[PDB]
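This document opens with one chain alone, in C-alpha cells, the form deposited in one PDB entry.
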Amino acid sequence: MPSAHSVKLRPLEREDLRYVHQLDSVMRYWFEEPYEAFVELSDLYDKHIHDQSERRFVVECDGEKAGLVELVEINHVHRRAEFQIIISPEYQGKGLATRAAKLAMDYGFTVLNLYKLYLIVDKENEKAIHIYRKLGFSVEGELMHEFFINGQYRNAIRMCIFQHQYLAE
C-alpha cells in the first residue's frame, strides 16, 4: 500500500529566512527591492513585515522544508496576485511543484478571496506550460525579451486562472 505524503503551506517565519537565502547567479527580490547578501534580505524582511502586497509560504513535505511559494503584486481592488514557486533540489522530481501550485490556488482563491491568479514562466519551458494548461490556466501573453538572463534576453509566458474556474474545479 503506497504511503501518502503530507504537503502543507506554512506561513514564512523569520527563522525560515536562511532557507530562503540559500535557495541560491541571478537577481532575487523582496518586495520589488533586490537582494544578494543575507543582511540585505533580513533588513528588507523587517522593513516589510506588515506589508499586505506580498505573502510567502514554506512548503512542508512531511514537516520538512521543501520549497517556497511567493504571492506577489497582491491587489485587493482588482482581486489578483502573481505567484511563484520554487522547489528545493532534493525535493524535485516527485510532483511537488504541481501540488504546491494547487495549494497556492487554494490559498488565494479560498482564503484570500482573489478573483484571478497568474504566473510567468520561460517560453522555453514547454513542460511547466503544458502542466498549467492541464490545470486550465489560459495563456494571456508572451512577453518578448522580458528577462535578460545569463547573457541573453529571454521570453516569458504569462498564464492566468480564475476563482470561478477553480471552485467549479
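One rule holds for the numbers: they count along the sequence shown, beginning at 1. Between two forms, the rigid core is the largest collection of C-alphas that superpose within 1.5 Å.
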property: Deposited-sequence gap flanked by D24 and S25; result: 1 to 3
property: Identity of residue with top Cα B-factor, from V69, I49, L117, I120; result: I49
property: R133 by Cα B-factor - lowest, middle or highest third of the modelled chain; result: highest
property: Position of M144 among the chain's modelled residues by C-alpha B-factor, lowest, middle or highest third; result: highest
property: Ranked C-alpha temperature factor of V77 among modelled chain residues, by third; result: middle
property: For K127, the third of its chain into which the C-alpha B factor falls; result: highest
property: Where the record places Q84 (Cα B-factor, split into thirds across the chain); result: lowest
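Unshown form deposited in another entry; subsequent notes refer to it.
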item	value
Of the candidates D43, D106, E32, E124, the only Cα that travels 2 Å or more between the shown form and the other one, given a rigid-core fit	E32
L143: Cα shift of 2 Å or greater between the shown form and the other one (core-aligned)	no
CA-CA separation of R154 and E33, closer or farther in the other form than in the form shown [shift of 3 angstroms or more]	closer
Inter-Cα distance between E32 and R154 in the other form, nearer or further [3 Å or more]	closer
